[PDB]
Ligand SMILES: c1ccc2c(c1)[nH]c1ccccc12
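As a starting point, one isolated chain is supplied in structure tokens, in the form deposited without 9H-carbazole (9CA).
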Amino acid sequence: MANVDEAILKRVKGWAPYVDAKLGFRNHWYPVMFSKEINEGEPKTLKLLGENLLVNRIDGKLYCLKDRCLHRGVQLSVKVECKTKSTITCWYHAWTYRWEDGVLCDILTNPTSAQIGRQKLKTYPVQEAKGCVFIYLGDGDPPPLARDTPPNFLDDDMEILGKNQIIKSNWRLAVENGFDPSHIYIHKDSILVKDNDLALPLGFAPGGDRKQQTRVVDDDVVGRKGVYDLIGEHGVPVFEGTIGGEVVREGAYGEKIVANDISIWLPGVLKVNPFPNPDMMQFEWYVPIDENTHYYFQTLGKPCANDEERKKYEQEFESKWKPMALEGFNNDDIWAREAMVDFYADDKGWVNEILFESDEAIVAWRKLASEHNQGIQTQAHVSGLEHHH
């Protein structure tokens, strides 16, 4: 709420909430690390939606506290003091909080303080699923994690493996690039295309009406909100790039057909199926860290019936899929996102961009996101909500 110039928001009537959502959407689950990255009794720091957080594993369960003391606003993590299994004590004046509910249960520097038991450090729900750590950066009782994950990600037999890193671009630039039907052009020379014999066009000549270009899902059995890119349904794949009539580039004529269906879902996760191989799927999140950075949380899923297949899959992932696809294919997506930063940095790109046909997919996402997000994160949420009677 109120993150962009009001004059700009007034102009983008089709999707003002989205353009305003610089810091991301509040009240959604977000993956931030893998389960194996946080061990028992070893608090870890991270920044999500502009908020500094602390995550700890106690008796195997994860807990999340805002990494900012209620007293003088210092990060507890500057000098972590976990003096009892269930609490954390601020290094400054020893205000002590319970990981379970964030209640200020003790103050070593003044055991008679009237503040004891009268204050609460913000806590956020944390759930582990498929080896991934999800945090509900929101208020109140959280909805099922399924609402904020693409279809099949939570399937029992779905084996998930991935990689996570910090990328220097606003989360929206990452989402739009990933769902961009015509951006496939930047992948024409990817080693995956040649090494995994993929069929990959340079783009698409749209067919049918604009309504047929996408399929918006307004509600799933679990309340999911997303959009499928159907440009290939009635569109013509372009395999020969011409300029003035002369052929200057060709797409890839591999035999492996991948990415039959691509969908983007709130709060901002893309599903490409099948990819990077006919028997696999790719689910990737673009998690807002702050207004200029995001976590590029990549995962590859493959149904595995037993420990035998999970083992083989893990070997194939480390030896081929991670380096050839997650890096060999998606690395080009990283600098593409970074390339759009300047144009949108002053929020003016949201007005001056000149869109063409395949962008109907992006527009559908912007509208869906604007209409169904569960809240706009504001700088005030970061410093402290403000209201004057």
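Note that residue numbering follows the sequence shown and begins at 1.
There is another form of this protein, the form solved in complex with 9H-carbazole (9CA), and it is not shown here; the text below is about that form.
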State the residue from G178, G226, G301, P267 whose non-hydrogen atoms include one within 4.5 Å of 9H-carbazole (9CA) in the deposited bound form.
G178
None of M158, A252, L145, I184 but one has a heavy atom within 4.5 Å of 9H-carbazole (9CA) in the deposited bound form; the exception is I184
Interface membership of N330, 9H-carbazole (9CA) in the deposited bound form, 4.5 Å heavy atom rule
yes
Is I289 part of the interface with 9H-carbazole (9CA) in the deposited bound form - any heavy atom within 4.5 Å?
no
Evaluate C82 for contact with 9H-carbazole (9CA) in the deposited bound form, applying a 4.5 angstroms cut-off between non-hydrogen atoms, and reply yes or no.
no
If we define contact as a non-hydrogen atom of the residue within 4.5 angstroms of the partner, is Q282 a contact of 9H-carbazole (9CA) in the deposited bound form?
yes
Using a 4.5 Å heavy atom cut-off, indicate which stretch of 272 to 280, 205 to 213, 147 to 155, 240 to 248 touches 9H-carbazole (9CA) in the deposited bound form.
272 to 280
Going by 9H-carbazole (9CA) in the deposited bound form, which residues of 239 to 270 come within 4.5 Å of it through any heavy atom?
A259, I262, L270
